[PDB]
Amino acid sequence: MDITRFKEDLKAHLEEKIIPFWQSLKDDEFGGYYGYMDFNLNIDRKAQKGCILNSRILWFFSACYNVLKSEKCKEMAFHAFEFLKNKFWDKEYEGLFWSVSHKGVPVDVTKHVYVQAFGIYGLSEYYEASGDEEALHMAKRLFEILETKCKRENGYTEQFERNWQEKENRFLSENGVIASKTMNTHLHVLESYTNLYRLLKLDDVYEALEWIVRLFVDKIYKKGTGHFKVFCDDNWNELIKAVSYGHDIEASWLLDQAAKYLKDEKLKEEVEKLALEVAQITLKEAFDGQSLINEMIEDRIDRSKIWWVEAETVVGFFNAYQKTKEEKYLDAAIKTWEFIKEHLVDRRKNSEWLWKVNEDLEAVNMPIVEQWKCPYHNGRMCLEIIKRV
Ligand SMILES: OC[C@H]1O[C@@H](O[C@@H]2[C@@H](CO)O[C@](O)(CO)[C@H]2O)[C@H](O)[C@@H](O)[C@@H]1O
Ligand SMILES: [Cl-]
Ligand SMILES: [Cl-]
Ligand SMILES: [Cl-]
């Protein structure tokens, strides 16, 4: 359990494997980054380009500069910022499109809160890296749009048409239920507002950060279970029995992050207690001694090992270790990284990470790059460990 060795292995992995892979996807002919790479490492240069992917690339290279001081990474972030500003930002109705073509032609023009949140997250990180206030101004405008067009008493309406007329929340629902409230969307609003507030100390941003933290404590968390509600209606009634172990452990450390900034000391204590309760129950129920399982939908336990779940497990257990100094969390975090190294890091040349292996540890055919597989979960796992003192 050598933490210095752990950190230097993560830094070496980030610099030798993850950063060069994502740099190789830069699209200098059309802007942005290539949108898709299949299981066999074939890039589709003409694939549509997802906005979540672009914003996660923007966040990643900006954070690489902020932590490692790599000027080349800052340039790669600039490239992602330009494509966001020029192609993903809707000149007619504002906010970010869901996807554009390889040329930047709008393809899916619907406006989802999840996409706007990742815009805020990446733009605020880019402001820190570049000093370019326009990025912070765009982040603040996305914040204003979420608060004034998308927010209601019980949280955010999650999906809209291009012109901000409400729509059914299908892109963020799963398991055959159309959920109008998802923990997933609300968690990434919380994440983006934490990063925004960290860099922009405005009362309106603070109050919205406290508000979404309170929603997690009072409505989304199921007290004493270590579990968050997953897919709900607008009253946060669960539409299906479901537990997402990866979202639980990601929420644990993201809630602790936000708690740093709370001025309500009672709330802060409740949040820190809740975050540890989630970490403890997740370790007990989902960690098998090498890695974390995925989710339970109704009675079906998915024991596949998903790349982003294991990444968030390393961060979430390392955070629980830092808070408690209980060695069990440190051991679980390092063991999960060893699992990743052995089973999810791609051994082919000039590759990255695999999407998943099944319970039997066999790789399943899945893309390496797409709208939902980016450098954010795995890059952040490295950057977060490196950052912490
Ligand atoms: O159901 C939405 C979408 O969720 C994807 O898993 C995502 C992941 C994307 O890398 O990032 C989270 O938001 C973590 O906070 C997860 O919810 C899933 O891969 C994708 O299939 C699904 O459509
Ligand atoms: Cl561009
Ligand atoms: Cl805590
Ligand atoms: Cl990602």
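The basis for the numbers below is simple: all heavy atoms, side chains too, and nothing from hydrogens, waters or symmetry mates. When a residue number appears, it is its place in the shown sequence, counting from 1.
By the 4.5 Å heavy-atom criterion applied to side chains, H186 and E158 are counted as neighbours. Proximity of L172 to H112: side-chain heavy atoms (C-beta onward) are separated by under 4.5 Å at one or more points. Side-chain contact check for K149 versus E166: every heavy-atom pair is 4.5 Å or farther apart. At least one side-chain heavy atom of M381 sits less than 4.5 Å from a side-chain heavy atom of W337. Looking at heavy atoms from C-beta onward, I57 lies in side-chain contact with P375 at the 4.5 angstrom threshold. Counting heavy atoms from C-beta on, the side chains of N350 and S24 never come closer than 4.5 Å. Contact annotation: the side chain of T336 never approaches that of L292 to less than 4.5 Å [non-hydrogen atoms, C-beta and beyond]. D44 places none of its side-chain heavy atoms less than 4.5 Å from the side chain of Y34.
Between the CG atom of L142 and the CD atom of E94 there is a distance of 8.5 Å, given to the nearest 0.5 Å.
When hydrophobic clusters are built by joining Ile, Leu, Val, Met, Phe, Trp and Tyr residues whose side-chain heavy atoms come closer than 4.5 Å, directly or via intermediates, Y245 is grouped together with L254. Hydrophobic clustering (ILVMFWY, side-chain heavy atoms < 4.5 Å, transitive): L354 and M366 are in one cluster. Using a 4.5 Å cut-off between side-chain heavy atoms of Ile, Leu, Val, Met, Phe, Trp and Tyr, with links allowed through other members, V369 and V100 fall into the same hydrophobic cluster. Note on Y36: it does not cluster hydrophobically with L41, by side-chain heavy-atom contacts below 4.5 Å among ILVMFWY residues. Cluster membership for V107 and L84, using ILVMFWY side-chain heavy atoms within less than 4.5 angstrom, is not shared.
For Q257 and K260, the side-chain atoms include at least one donor-acceptor pair closer than 3.5 Å. With 3.5 Å as the limit, one finds a donor-acceptor pair spanning the side chains of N319 and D256. Under 3.5 Å, the side chains of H377 and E312 contain a donor-acceptor pair of N or O atoms. Side-chain polar atoms of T110 and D108 form a donor-acceptor pair below 3.5 angstrom. Between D234 and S180, the side chains place a donor N or O and an acceptor N or O closer than 3.5 Å (distance only, hydrogens not considered). Side-chain contact, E295 with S244: no donor N or O sits under 3.5 Å from an acceptor N or O. A donor-acceptor contact closer than 3.5 angstrom links the side chains of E147 and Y193.
The distance between the ring centers of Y221 and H227 does not fall below 6.0 angstrom. A ring-centre distance under 6.0 Å is found for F88 and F83. Ring-centre distance between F317 and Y321: not below the 6.0 Å cut-off. Under the 6.0 Å cut-off for aromatic ring centres, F61 and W22 do not qualify, their centroids lying 6.0 Å or more apart. Taking the six-membered ring for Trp and the full ring otherwise, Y114 and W372 have centroids separated by under 6.0 Å. Taking the six-membered ring where the residue is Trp, the centroids of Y126 and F81 are separated by under 6.0 Å. Taking the six-membered ring for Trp, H343 and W353 have ring centres at least 6.0 Å apart.
Taking every heavy atom of both residues into account, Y376 and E250 meet most closely at OH-OE2, 3.3 Å. The minimum heavy-atom distance between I220 and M183, with the atom names listed, is CG2-CG, 3.7 Å. Between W253 and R388 the shortest heavy-atom distance is CE3-NH2, 3.8 Å.
The cationic atom of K74 (NZ for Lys, CZ for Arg) lies less than 6.0 Å from the six-membered ring centre of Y65 and within 45° of the ring axis. Cation-pi geometry between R198 and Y261 is not met: the NZ or CZ atom fails to fall both under 6.0 Å from the ring centre and inside 45° of the normal. Cation-pi geometry between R170 and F160 is not satisfied (NZ or CZ under 6.0 Å from the ring centre, within 45° of the ring normal).
Using a 30° and 60° split on the angle between ring planes, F216 and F228 fall in the perpendicular class, above 60°.
Using a 4.0 Å cut-off between a side-chain N of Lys or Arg and a carboxylate O of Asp or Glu, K49 and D27 qualify as a salt bridge. In summary, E338 and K341 engage in a salt bridge, as defined by a charged side-chain N under 4.0 Å from a carboxylate O. Salt bridge status for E362 with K356: absent, with no side-chain N to carboxylate O gap under 4.0 Å. We find that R303 and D288 are not joined by a salt bridge, their nearest charged nitrogen and carboxylate oxygen being 4.0 Å or further apart. The pair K111-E161 fails the salt-bridge criterion, with no side-chain N (NZ, NE, NH1 or NH2) lying under 4.0 Å from an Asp/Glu carboxylate O.
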